[PDB]
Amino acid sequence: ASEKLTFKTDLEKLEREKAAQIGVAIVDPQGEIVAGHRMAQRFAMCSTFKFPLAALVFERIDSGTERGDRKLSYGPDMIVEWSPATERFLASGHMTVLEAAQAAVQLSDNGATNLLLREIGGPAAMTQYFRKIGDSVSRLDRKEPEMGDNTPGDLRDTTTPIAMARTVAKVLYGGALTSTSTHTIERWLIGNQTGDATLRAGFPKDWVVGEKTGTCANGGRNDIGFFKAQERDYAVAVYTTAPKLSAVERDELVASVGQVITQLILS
């Protein structure tokens, strides 16, 4: 109880001093709440939804409705802001399902994300997957980049910290995917290339952590994933809104949230 008070108080100090809102949920492998803050406030998902998108892809591979080596052809029309891998593979004319999903997860490649959306049936199909795994809250309404517009008050393209943390737990620990697909997506999250300065920078160096970042217009900076501490597994979702901070300061904010989480877990 005193440790939960310290957690709440320390997040609220960051919120006040940074003029920010911090949504956090930490859950155990079964989705039981360890701690949280603003945990049922809706926040724009930004690129965090690309982890659930990859889970959907793996579920279709597991079920036989998709193949990982299927070649997805495209032209320059599919290049959107921040498409590093899609741009490199453009001359060849395609990316495979698995190349696109790995680029979506580990580089946050937006063109690769839209290529997968085209293949799985668009935002409506992403939202149906959330519902299938018991998430009645998360919703994808648009493709990249407009799904990240983060207009104040807009419920499109949002989740809550608690819904998303429980979705992470279901995918990683709840048997949603084969052991093969679960291990592959977990290793992708550990090897994510875009999270070195966000949540994992605030965790002890010996914790196994994997995560997916997001950045939205209007000050959105998010990080969702899993960590293993003291032989316990956790799923975590952090959504923040800090319109007046710089990009680097928002990275520091999420890392500070990681430190506050660490202090709770250690205590």
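For the two forms, the rigid core is made up of the largest set of C-alpha atoms that agree within 1.5 Å on superposition. All residue numbers refer to positions in the sequence shown, first residue = 1.
Averaged over structures and residues, the CA distance from the shown form in 5 other deposited structures of this protein after a core fit is larger for 230-238, of the two stretches 54-62 and 230-238. Comparing 238-246 with 45-53, the higher mean C-alpha B-factor in the PDB entry belongs to 238-246.
Relative to one another, 28-36 and 207-215 have unequal mean CA B-factors, and 28-36 is the one with the higher figure. When the C-alpha B-factors of 176, 91, 105, 95 are ranked from the entry, the top spot goes to 176. Of the candidates 161, 145, 111, 195, it is 145 whose Cα B-factor is highest according to the PDB record.
Residue-level temperature factors show residue 125 in the middle third of its chain, judged at the C-alpha atom. The entry lists a Cα temperature factor for residue 69 that places it in the highest third of the chain's modelled residues. Remark: residue 223 belongs to the lowest third of its chain, ranked by C-alpha B-factor as recorded. Annotation for residue 151: C-alpha temperature factor in the highest third relative to the rest of the modelled chain, per the entry. Ranked within its chain, residue 83 lands in the lowest third, by CA B factor from the PDB record.
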